[PDB]
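Undergrad: Have a look at this one before I ask anything.
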Amino acid sequence: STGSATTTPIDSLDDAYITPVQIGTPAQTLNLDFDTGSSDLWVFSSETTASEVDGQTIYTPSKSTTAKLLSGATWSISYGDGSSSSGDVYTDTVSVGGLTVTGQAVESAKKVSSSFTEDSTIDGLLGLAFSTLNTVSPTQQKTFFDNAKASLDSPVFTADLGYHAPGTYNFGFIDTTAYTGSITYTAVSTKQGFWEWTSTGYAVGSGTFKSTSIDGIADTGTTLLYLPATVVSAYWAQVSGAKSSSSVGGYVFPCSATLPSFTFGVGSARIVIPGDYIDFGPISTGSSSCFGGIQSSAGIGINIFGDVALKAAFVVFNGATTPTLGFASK
Ligand SMILES: NCc1ccc(C(F)(F)F)cc1
Ligand SMILES: NCc1ccc(C(F)(F)F)cc1
């Protein structure tokens, strides 16, 4: 079997992407944030503290004839940005673009942090990292991908994120019409539960390519590109007037500047991020200082190839017994 679903940016800056997902019987359609950096499928629900819901569509298990409460199971998650949520667990039927999984663990939020309440466009998250990171206790639960793997034509899913435009998540097949040239595959380490890989270097604009190993994770759930301080300093040094701002919390640049592209290495291949992808607009309404899409990972502890990098490529998440990541230009 296969599945295919359109994913859409939630705002004019591509801060995140939402994908419709059908849950329950009859279907309840929620718009979820597909997150290859986490492994929990959790949703706003009828059980969520009422004051913590502000426009989101909620899952109501009491209206699904296939929902079953998973007795005694709870979940609690904290994300690298300080957001958090928690609740109890149902099993139900979950479908993504024609691809159906029965008995998927659907984690019902009882409490959500403020950053989720204020995001009216995101009804929950669909985790696509490895199931070892799932937070359900006392019995760990599998991700949607792990549950679907056996019935997929190929144990893969692909991310084709758009720049200020819709894109596609495909499950079980690789669309050879969606990219140019060849796909370059690279090894993945699952030891931390992430889609962790090693980039072979970088270049700034038309500058010379620097061969150097950058270990990081492919994370559709993170907006920006977080790289080591040496790399990030080399990039912003090429933008007149750019500086690191402690009060803002990252590199900013004059909104009148033109940004250079950023190239990152995948084996012997190169993925080029256009400079426009790195502009995230004024730091406040009406400001002439703009926020940069490439930031330092120093305070994080790990390098993150987020949406800024991934949307410049066609990305294959190969969940075979030896997992790999594939990158192609598009
Ligand atoms: N998108 C999920 C996510 C968020 C943060 C991190 C961090 F901070 F631990 F790297 C990993 C995964
Ligand atoms: N990396 C997972 C994640 C995704 C979205 C959010 C937001 F946007 F709701 F804050 C937080 C954390």
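Each residue's number is its place along the chain shown, starting with 1.
Every residue gets a Cβ built from N, Cα and C, even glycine.
Just lifted these from Swiss-Prot, have a look:
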type	residues	note
DOMAIN	17-328	domain 'Peptidase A1'
ACT_SITE	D35	active site
ACT_SITE	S199	active site
DISULFID	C255-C290	disulfide bond
Undergrad: Taking the recorded positions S199, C255, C290, which residues show a Cβ-atom distance to ligand 2 below 6 Å?
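TA: None, by Cβ distance under 6 Å.
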Undergrad: What whole-number Å value do you get for the CA-CA distance of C255 (disulfide bond) and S199 (active site)?
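TA: About 30 Å separates the two Cα atoms.
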Undergrad: Which residues does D35 (active site) neighbour through Cβ under 8 Å, counting only same-chain ones at least six apart?
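TA: Within the chain, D35 (active site) has Cβ neighbours under 8 Å at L125, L126, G127, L128, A129, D219, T220, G221.
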Undergrad: Could you check the disulfide-bonded residues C255, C290 and say which one's CB has the fewest neighbouring CB atoms inside 10 Å?
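TA: Each of the disulfide-bonded residues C255, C290 was scored by Cβ atoms within 10 Å; lowest is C255.
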Undergrad: For ligand 1, list the recorded positions among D35, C255, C290 whose CB atom is within a distance below 6 Å of it, in sequence order.
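TA: List returned for ligand 1: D35.
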Undergrad: Give me the long-range Cβ neighbours of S199 (active site): same chain, 6+ apart, Cβ under 8 Å, in sequence order.
TA: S213, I214, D215, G216, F264, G265, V266, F305
Undergrad: Under a three-state reduction of DSSP output, how is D35 (active site) classified: helix, strand, or coil?
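TA: Going by the DSSP assignment, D35 (active site) falls within a strand, counted as strand.
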